[PDB]
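Encoded as C-alpha cells, the structure appears first; notes follow it.
Residue numbers (full-length UniProt numbering), protein chains in the order written: chain L, 2 to 97; chain E, 2 to 98.
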C-alpha cells in the first residue's frame with residue numbers, strides 16, 4: 002500500500018468554512034481508483050493545507066497526484082509539495 | 002486532533018527486515034502521551050523512511066517530535082523533515098468511510 006502525503010501554501014477558508022467549500026471535492030475523491038482513505042490537513046497560522054492519502058498501489062497514487070496538482074492550480078496553488086512512500090504494514094498494524 | 006507528518010533520509014532496514022528490527026520501537030510508541038495511531042512510511046528506492054502520527058493535541062505531538070528527532074540521531078538520522086497540522090474532521094470523515 003502506498004501513502005501519498007502532500008501540502009501546499011493556502012490562504013483559502015479553514016476549519017468549517019473549508020469543510021463546506023471543499024465538500025464536493027472530498028466526495029469526488031471517494032470515486033478515485035485505489036483510494037482507501039484521506040485525512041485532511043490544514044494550518045491557519047502557517048497558511049498551509051494538504052492531506053495524507055492512502056492508495057492500494059503506487060500507480061493509483063501517482064495518477065491521483067498528477068491530476069490533483071493540475072486541479073490545485075484552479076484554487077491558485079502553484080507549487081505542490083508531495084511525497085510518495087510505501088507503507089510498512091507489519092509495524093503500522095502494531096500502531097493502531 | 003493534531004497530525005505529525007514526518008520523514009527523513011534512511012539506509013536502515015526496509016520491508017520485513019525493518020518490521021522485525023523496529024518492532025520494539027513500534028510498541029513503545031503506543032505508550033506515548035496523546036498518541037492515537039501511526040502509519041510507518043518507507044521508500045527503499047529513494048532511501049527514505051518516516052511516519053504519519055495522529056495525536057490528541059499539539060502539545061502531545063510536539064513533545065513526541067522533540068523526543069523522536071533526538072533518538073533518531075542514534076540510527077544516524079542527522080536531520081528530520083517535519084510538519085504539524087490540524088485535521089479538518091468533517092472532510093476527513095467524508096473520506097474515512
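Where a beta carbon is used, it is the ideal one built from N, C-alpha and C, also for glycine.
Taking residue 22 of chain L as the centre and dropping the five residues before and after it, the same chain places the C-beta of 13 and 14 closer than 8 Å to its C-beta, in chain order. Within the model, the alpha-carbon separation for residue 49 of chain L versus residue 35 of chain E is close to 23 Å. Residue 75 of chain L is outside the set of residues whose beta carbon lies under 8 Å from a beta carbon in chain E. For residue 77 of chain L, the three-state secondary structure derived from DSSP is coil.
When Cβ pairs closer than 8 Å are counted between the two stretches, the stretch 40-54 of chain L is seen to touch the stretch 86-97 of chain E, the count reaching three or more. At least one beta carbon of chain E lies nearer than 8 Å to the beta carbon of residue 39 of chain L. Collapsing the DSSP output to three states places residue 17 of chain L in a helix.
Neighbours of residue 31 of chain E in chain L, taken as residues whose beta carbon is under 9 Å from its own, are 95, 96 and 97 in chain order. Residue 89 of chain E has a beta carbon lying within less than 8 Å of a beta carbon in chain L. CA-to-CA, the gap between residue 4 of chain L and residue 73 of chain L works out to about 19 Å. A Cβ of chain L is located within less than 8 Å of the beta carbon of residue 86 of chain E. In this structure, DSSP gives residue 46 of chain L a state outside helix and strand, which the three-state scheme calls coil. Per the coordinates, the alpha-carbon of residue 28 of chain L lies some 30 Å from the alpha-carbon of residue 82 of chain E. Close to residue 24 of chain E, with beta-carbon spacing below 9 Å, are these residues of chain L in chain order: 91, 92 and 95. Nearest CB-CB separation between residue 17 of chain L and chain E: below the 8 Å threshold. In this structure, residue 53 of chain E sits near residue 53 of chain L, with a CB-CB distance shorter than 8 Å. In terms of Cβ geometry, residue 37 of chain E and residue 55 of chain E form a close pair [threshold 8 Å].
For residue 27 of chain L, the three-state secondary structure derived from DSSP is helix. Shown here, residue 83 of chain E sits in a strand according to DSSP, grouped into three states.
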